[PDB]
Each structure stands twice: as C-alpha cells, then as structure tokens.
Amino acid sequence: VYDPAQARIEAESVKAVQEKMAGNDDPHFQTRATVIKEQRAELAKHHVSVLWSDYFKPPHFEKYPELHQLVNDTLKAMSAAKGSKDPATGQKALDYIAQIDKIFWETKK
Amino acid sequence: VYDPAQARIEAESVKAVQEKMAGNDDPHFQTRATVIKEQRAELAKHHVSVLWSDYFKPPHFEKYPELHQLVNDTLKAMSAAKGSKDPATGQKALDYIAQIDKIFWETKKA
Amino acid sequence: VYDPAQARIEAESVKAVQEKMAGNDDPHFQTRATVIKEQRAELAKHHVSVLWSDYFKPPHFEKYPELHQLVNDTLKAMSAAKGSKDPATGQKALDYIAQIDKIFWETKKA
Amino acid sequence: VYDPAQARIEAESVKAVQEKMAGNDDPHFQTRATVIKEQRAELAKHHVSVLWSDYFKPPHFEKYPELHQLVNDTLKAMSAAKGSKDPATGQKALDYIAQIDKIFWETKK
Amino acid sequence: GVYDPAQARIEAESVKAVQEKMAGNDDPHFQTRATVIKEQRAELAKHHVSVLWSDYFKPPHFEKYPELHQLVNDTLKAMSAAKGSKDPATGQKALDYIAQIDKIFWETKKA
Amino acid sequence: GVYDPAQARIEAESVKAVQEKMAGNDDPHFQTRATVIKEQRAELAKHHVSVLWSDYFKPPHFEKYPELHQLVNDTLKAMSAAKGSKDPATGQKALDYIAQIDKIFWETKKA
C-alpha cells in the first residue's frame with residue numbers, strides 16, 4: 001500500500017514549478033505558480049507525515065534512531081521550499097525524501 | 001510533472017482493502033474498510049482523470065485512437081471496484097491502469 | 001443524480017472573475033482573483049470529468065462518437081482559462097459545456 | 001455567479017440515495033449509500049450557507065425578515081436527512097431549498 | 001461531536017496575523033503566499049462560524065437570544081471583508097464579532 | 001499563522017464522544033454514520049498533531065525536550081487505534097497523549 005513515490009512526485013513538482021518561475025516574470029504566472037507550489041508542498045508534507053505515523057512501526061525507530069529527526073527535517077525543508085522560488089530548496093527536499101525512500105525499501109527486504 | 005504511479009498506488013489500496021474484508025467478519029471493520037475503499041477509489045479516479053485532461057495532449061489521441069476509451073473503461077472498472085468487495089474487480093482496475101502506464105512512458109522517451 | 005449546471009456555474013465564476021480583473025489594477029485584488037480563478041477552474045474541470053466517468057455510459061459513446069473529444073476539449077479550454085485573464089477563454093469554456101449540456105438532456109428524455 | 005441549483009442537485013442526490021436504500025438491504029450497499037449521503041448532505045449545507053453569507057446582502061434581510069430562520073431550518077432539515085433513511089426528510093430539505101430559491105430569484109428581477 | 005468557537009477564533013486570529021506580516025514587507029512572493037493563506041484561513045473561519053449556527057445552536061437559543069442570526073451573518077460578512085482587505089483592523093472586526101458569539105456560546109453550556 | 005493543540009484536542013474529543021454513543025445503540029445506520037465521523041475526525045486529529053510537530057516545534061525544542069519525537073508518533077498511532085476501535089478507552093489514550101504535548105506547547109510559549 002505505502003510508497004514514498006507519492007511524496008517524490010509532489011516534491012518533484014515543487015522544484016519543476018520553481019524552475020519555471022525563473023524563466024517567466026509575468027505577475028499572473030508568478031501568482032499561479034505560487035498557488036500550485038503551496039498545494040503541492042502541503043501534499044508532499046502530508047505523504048511524508050503519513051509514512052512516519054502509519055507505516056514505520058516501533059521496531060523501525062529502534063533500528064534507525066536518526067529517522068525521527070530526518071522526517072522532521074524533510075518536512076521543514078519542504079516548508080522552506082514552499083516559501084522559496086529557489087529550485088535548490090526543492091532539491092534539498094527531494095534529497096531528504098531520497099533518504100527516507102532508502103530506509104523505506106530497507107524495511108521491505 | 002505526472003506519473004500513473006499515483007493512480008496505481010491508490011488502486012492498490014483498494015484491492016488490498018477488498019482482501020482484508022474476506023478474513024474478518026466484524027461489522028465495524030467491514031464499515032471502516034468500506035469508507036476507506038470509497039475514499040481511495042475516488043482518489044484513483046481523480047489521478048486517472050488528471051492524466052487524461054492535463055497530461056495527454058491531442059497528438060497522443062491521434063497516435064493512440066483507443067486511449068479515450070481505455071481511460072473511460074478504467075474509471076468505470078474502478079467504480080465497479082468501489083462498489084464491490086471482490087478483489088478481482090480491484091485487480092481488473094489495476095490492469096487497466098497498467099495499460100495507461102505503458103502508453104504514458106512511450107510518449108516520454110520519443 | 002447529475003446535471004452539467006454544476007460545471008456551468010463554476011465556469012461562469014471564472015469568466016466573471018476574469019472580467020473583474022480588467023477594471024482594477026490593485027496587486028492584492030489581482031492576486032486574490034487569481035487564487036479564486038484557479039479554485040473554480042479545477043472545480044469546473046472536476047464536474048465535467050465526473051459526468052464523463054460516472055454518468056456517460058457506453059451506449060452514449062456509440063451514439064455520439066465526438067463526445068470523448070468534446071469533453072477533453074472542454075477540460076483543456078478550461079485549463080487555458082485557468083491560466084488566462086482573458087474573458088474570451090472563459091467564454092470558450094462555457095460554450096463547450098453548452099455542447100455537453102445539449103447532449104446530456106438528449107439522453108435523459110429518450 | 002451564485003445559484004441555489006448547486007444546493008438542489010446535492011439535496012436531490014440525498015433523497016435519491018435514500019430511495020435506493022429502501023430497495024436493497026445488503027450491508028455493503030447500505031454502508032456505501034451512508035458514506036455518499038453524508039458527503040452530499042454536508043455539500044448541500046455548504047451551498048445554502050454560502051447563499052446566506054456571501055449573496056444575501058443586508059437590505060435583503062430587511063425585506064424578508066423570515067429569511068434568517070428559513071436558512072437555519074433548511075440547514076437543520078438537511079442534518080435530519082443526513083441522519084435518516086427516510087426519503088421524506090430529504091424532500092423536506094428540498095421543499096426548504098425551494099423557498100430560498102423563490103426568494104433568490106425575487107432578488108434578481 | 002463537540003463544538004467550540006475556539007476553532008473559529010484561531011483561524012480568524014491567523015487572518016489578522018497574516019495582515020500584520022503584509023505591512024512590513026513588499027516582496028511579490030511573500031505577499032502572494034500570505035494572500036493564499038488568508039483566503040484559505042478566512043474561508044475556514046467562515047465554515048466554523050456557520051457550523052455553530054446550524055449544527056450547535058438549537059431553536060430555543062434563537063428565542064432566548066433574538067440578535068444571534070444577524071450577528072452570525074455580520075461575522076461571516078466581516079470575515080469576507082478581512083479576506084478581501086490587507087488591513088489588520090478588518091481582521092480584528094471579525095475577532096470582535098466572534099468574541100460576541102463566544103460569549104453567547106458559554107452561556108448556553110450553562111443554560 | 002497561530003498554532004494551538006486545542007484543535008487536536010477537540011477533534012480527538014469528538015472521537016471519544018462518538019465511541020460513547022456507539023455503546024448504547026445497535027441501529028445499522030447510526031453505527032455506520034458514527035464510523036464515518038470517527039474516521040474523518042480522527043484523521044483530522046492526526047493532521048493537527050502532525051502540524052505542531054513540523055510547522056510549530058523548531059530544532060531547539062527537540063534538544064530541550066528529547067522525548068517529543070517518540071511522543072508525537074505515539075499520539076498519532078494511538079489516534080489510529082482509536083480510529084480502528086469502538087472502545088472509549090483507546091479514544092482517551094489519545095487525549096492523554098495530546099495532553100502531554102499540550103503541556104510542552106505552553107512551556108515553549110513562555111520559553
């Protein structure tokens with residue numbers, strides 16, 4: 001059922017929207033890309049938060065003690081991106097989702 | 001950016017919920033699982049629709065004359081699964097999404 | 001029960017918001033109206049989609065071979081309106097919905 | 001922009017779902033029709049509440065003094081229907097929306 | 001289940017909090033984000049206020065307090081004005097209105 | 001804008017309120033409606049608790065209170081158990097957990 005792919009696609013969409021904000025400076029487009037970035041950001045946050053609450057059971061946290069702070073930093077990096085036009089912040093959020101994805105599949109093997 | 005993975009994952013939750021409905025008889029669980037199935041089914045229907053309306057542009061409908069119908073047959077297979085406890089109806093929906101995933105990537109490479 | 005009135009009313013909010021964007025220059029209002037236009041546009045797109053997936057059954061697609069495309073052209077006309085301040089793009093979307101409303105009722109009588 | 005047609009279609013859907021609950025007694029269908037009835041009911045309530053807050057301006061209330069309690073009774077009748085399997089409660093909610101619709105069009109003339 | 005205007009107050013306190021942050025800044029991005037947040041939080045403030053009126057407040061509450069109907073409407077309208085404005089004063093007018101509904105709320109929990 | 005666990009508490013108080021109404025009744029319709037409401041309100045309780053953890057609580061709050069991370073996870077999981085159960089005791093376990101996060105919340109508003 002669970003997959004971090006839903007967090008990736010929404011966060012891949014945040015960076016995509018940020019790259020497009022650089023090559024167009026029209027007020028209407030800027031506003032629209034801010035409305036979509038806020039929605040896609042909160043959705044990415046939800047999917048990451050769900051992985052932490054509903055999937056990762058108590059023995060997983062005893063196995064990877066840094067997981068708790070990682071999920072928090074992932075959510076926080078995504079909130080920074082939600083507030084930024086810089087694609088690097090969206091990529092920081094993607095790099096943070098990749099770390100969770102690595103740990104996620106290491107619990108399916 | 002789009003990816004039919006969003007539809008598949010939500011459709012995979014439907015078949016998984018249908019299967020959990022056969023190993024438990026408790027009225028409260030049957031009720032909860034029905035609510036969840038109704039939620040993920042309409043979410044899967046949303047993701048399939050969005051692909052069709054926002055991703056798939058006119059050159060794709062000319063290259064794939066069957067695409068229009070494949071999407072409608074998926075949305076209806078998923079509506080069937082939404083009102084069925086049978087894991088097969090959910091597996092039928094997943095198989096239609098698999099046909100959309102194949103066409104999707106053939107338009108991403110070249 | 002279904003009715004394309006739900007799509008038309010939300011699409012009518014889009015054209016009305018586009019028109020209000022031409023008589024005011026205030027940055028805050030342009031911003032608010034853009035947010036609202038993005039909201040009602042996707043709501044209109046939802047109502048058009050739901051007609052196509054849940055109401056329109058296979059005998060309708062055989063009777064109207066152009067229905068599949070009419071719905072996709074509406075969803076795209078509405079996506080154009082969503083990213084345009086031009087009242088015409090919103091009126092183009094309303095005109096496509098009007099073609100869906102005509103076909104809708106022809107299948108309700110007989 | 002505003003139209004009570006959105007409240008009608010959702011409340012016409014509540015009565016429709018209640019009629020179908022009478023001709024089928026299978027636990028799965030009953031649960032599904034309860035999930036759809038709860039959603040369609042809250043949506044009907046929202047559209048009626050919006051007509052009252054966003055459309056009807058202060059001179060309209062000075063013109064029809066019974067409007068305030070009508071909108072409340074409409075919302076309450078719809079909450080009774082949300083809780084009932086009886087189609088008559090859904091029709092009571094529809095009859096109450098018809099009264100608002102009558103007053104609505106009498107403000108457009 | 002359980003109702004409380006504290007839900008309406010917090011989403012309405014968010015509208016004023018956003019309007020105060022819009023005064024010291026000028027950045028096209030920050031201004032836009034605040035408007036998106038103000039539109040959503042004001043619409044949520046309007047939902048909670050409407051819920052108390054329909055779902056919580058029963059018919060005798062309308063006889064005992066005849067002013068309640070017009071008060072809830074003026075709160076919802078004040079919250080629409082706050083949604084449309086950038087001025088913290090219109091956001092505070094809605095908090096003043098919610099405070100009045102809050103006073104009537106706890107009076108009925110005593111009844 | 002402004003955060004408060006009172007949002008999490010009320011949606012979590014609704015879960016227990018629903019579970020108590022499920023005990024005295026047996027009606028197939030009333031039982032179903034309560035389950036739909038319990039699923040929605042518990043999922044909303046889980047949202048607010050998650051929001052406080054990511055959006056409100058900053059990094060020094062995690063150093064000062066090292067137990068916070070596991071507490072929020074156990075609250076979210078306790079709320080998942082309440083969502084799955086009909087017993088008011090599991091709905092109260094989540095209120096006990098939220099009460100602990102509430103204590104830590106007001107301590108940081110003093111800091």
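Select from segment A:1-23 the residues that are more than 16 Å from A:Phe104 (Cα to Cα), of a type in the set (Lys, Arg) and within 10 Å of another protein chain (Cβ to nearest Cβ) and list them in ascending order. Within segment A:1-23, just A:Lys15 meets the criteria. Checked against the criteria, E:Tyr56 counts as surrounded by fewer than 16 Cβ atoms within 10 Å (Cβ to Cβ) and within 13 Å of chain F (Cβ to nearest Cβ).
On the stretch given as segment B:56-66, residues that are more than 10 Å from chain C (Cβ to nearest Cβ) and in a helix (DSSP H, G or I) total 4. In segment B:36-45, the residue that is nearest to D:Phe29 (Cα to Cα) out of those that are in contact with a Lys or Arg (Cβ under 9 Å, 6 or more places away or on another chain) and of a type in the set (A, V, I, L, M, F, W, C) is B:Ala41. Hey, among the residues in segment C:18-40 that are part of a helix (DSSP H, G or I) and in contact (Cβ under 8 Å) with a residue 60 or more places away in the chain, which one's farthest from B:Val48 (Cα to Cα)? Per the stated criteria, the residue is C:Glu19. Consider F:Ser50 carefully, then state whether it is within 14 Å of chain E (Cβ to nearest Cβ), in contact (Cβ under 8 Å) with a residue 12 or more places away in the chain and within 26 Å of E:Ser14 (Cα to Cα). Considered against the rule, which asks whether it is within 14 Å of chain E (Cβ to nearest Cβ), in contact (Cβ under 8 Å) with a residue 12 or more places away in the chain and within 26 Å of E:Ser14 (Cα to Cα), F:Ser50 comes out as no.
Here E:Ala45 clears all of (1) at the interface with chain D (Cβ under 10 Å from one of its Cβ atoms); (2) within 30 Å of A:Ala80 (Cβ to Cβ) except the condition numbered (1). When segment C:1-40 is limited to residues that are touching a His at 6+ places or on another chain (Cβ under 8 Å) and over 23 Å from C:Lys108 (Cα atoms), the one that is farthest from the other protein chains (Cβ to nearest Cβ) turns out to be C:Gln30. Within segment A:75-86, does at least one residue satisfy the condition of being over 14 Å from the mean Cα position of the chain (by Cα) and in a helix (DSSP H, G or I)? No, there is no match, as no residue in segment A:75-86 is over 14 Å from the mean Cα position of the chain (by Cα) and in a helix (DSSP H, G or I). In this structure, is D:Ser79 under 30 Å from B:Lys82 (Cβ atoms) and either of a type in the set (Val, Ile, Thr) or crowded, with 19+ Cβ neighbours inside 10 Å (or both)? When the stated conditions are applied, D:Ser79 does not pass them. Checking each residue in segment E:4-13 for being more than 8 Å from every other protein chain (Cβ to nearest Cβ) and either of a type outside the set (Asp, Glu) or more than 19 Å from the chain's Cα centre (by Cα) (or both) picks out E:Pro5, E:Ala8, E:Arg9, E:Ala12. Quick one: would you say D:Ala11 is assigned to a helix (DSSP H, G or I), within 24 Å of F:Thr35 (Cα to Cα) and either hydrophobic (A, V, I, L, M, F, W, C) or more than 12 Å from the chain's Cα centre (by Cα) (or both)? Yes, satisfied. Among the numbered conditions (1) surrounded by fewer than 20 Cβ atoms within 10 Å (Cβ to Cβ); (2) free of Cβ contacts under 8 Å to residues at least 24 places away in the same chain, the only one that E:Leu44 does not meet is (2).
With respect to being under 27 Å from D:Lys37 (Cβ atoms) and more than 12 Å from chain C (Cβ to nearest Cβ), B:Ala88 falls outside the description. So in segment A:18-36, with the set limited to residues that are assigned to a helix (DSSP H, G or I) and in contact (Cβ under 8 Å) with a residue 60 or more places away in the chain, which one is surrounded by the fewest Cβ atoms within 10 Å (Cβ to Cβ)? Out of the qualifying residues, it is A:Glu19. Here the condition is being over 20 Å from A:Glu42 (Cα atoms) and among the hydrophobic types (A, V, I, L, M, F, W, C); of E:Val2, E:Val18, it holds for E:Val2 alone.
Filtering segment D:37-56 for residues that are part of a helix (DSSP H, G or I), of a type in the set (D, E, K, R) and over 25 Å from E:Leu52 (Cβ atoms) leaves an empty set.
Between F:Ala78, F:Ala82, which is in contact (Cβ under 8 Å) with a residue 12 or more places away in the chain, buried (at least 20 other Cβ atoms within 10 Å of the Cβ), within 14 Å of chain E (Cβ to nearest Cβ) and not charged (D, E, K, R)? Checking each option against the conditions leaves just F:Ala82. Is there a residue being more than 9 Å from the chain's Cα centre (by Cα), among the polar types (S, T, N, Q) and more than 19 Å from E:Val18 (Cβ to Cβ) anywhere in segment E:85-95? Within segment E:85-95, none of the residues are more than 9 Å from the chain's Cα centre (by Cα), among the polar types (S, T, N, Q) and more than 19 Å from E:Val18 (Cβ to Cβ). Of all residues in segment C:78-89, those satisfying the criterion of being surrounded by fewer than 22 Cβ atoms within 10 Å (Cβ to Cβ), assigned to a helix (DSSP H, G or I) and among the small types (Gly, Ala, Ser) are C:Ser79, C:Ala80, C:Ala88. When segment F:14-30 is limited to residues that are surrounded by fewer than 21 Cβ atoms within 10 Å (Cβ to Cβ) and facing another protein chain (nearest Cβ under 7 Å), the one that is nearest to the chain's Cα centre (by Cα) turns out to be F:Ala17. For segment C:10-31, the condition of being aliphatic (A, V, I, L, M), surrounded by fewer than 20 Cβ atoms within 10 Å (Cβ to Cβ) and closer than 30 Å to D:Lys20 by Cα holds for none of the residues. Would you confirm whether or not segment B:41-55 contains a residue that is more than 10 Å from chain C (Cβ to nearest Cβ), among the aromatic types (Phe, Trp, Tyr) and in a helix (DSSP H, G or I)? Yes, segment B:41-55 has at least one match.
Residues being more than 9 Å from chain E (Cβ to nearest Cβ), of a type in the set (D, E, K, R) and crowded, with 20+ Cβ neighbours inside 10 Å are represented in segment D:40-51 by at least one member. Can we say E:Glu39 is within 14 Å of chain F (Cβ to nearest Cβ) and in contact with a helix residue (DSSP H, G or I) (Cβ under 6 Å, 6 or more places away or on another chain)? In short, yes. Residues in segment B:86-110 that are closer than 23 Å to C:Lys57 by Cβ and of a type outside the set (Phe, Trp, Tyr): B:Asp86, B:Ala88, B:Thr89, B:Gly90, B:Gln91, B:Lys92, B:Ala93, B:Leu94, B:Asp95, B:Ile97, B:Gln99, B:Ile100.
None of the figures in this text is laboratory data; all of them are computed from the coordinates on show. No Cβ is skipped: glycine too gets one built from the backbone with ideal geometry, and neighbour counts run over all protein chains shown.
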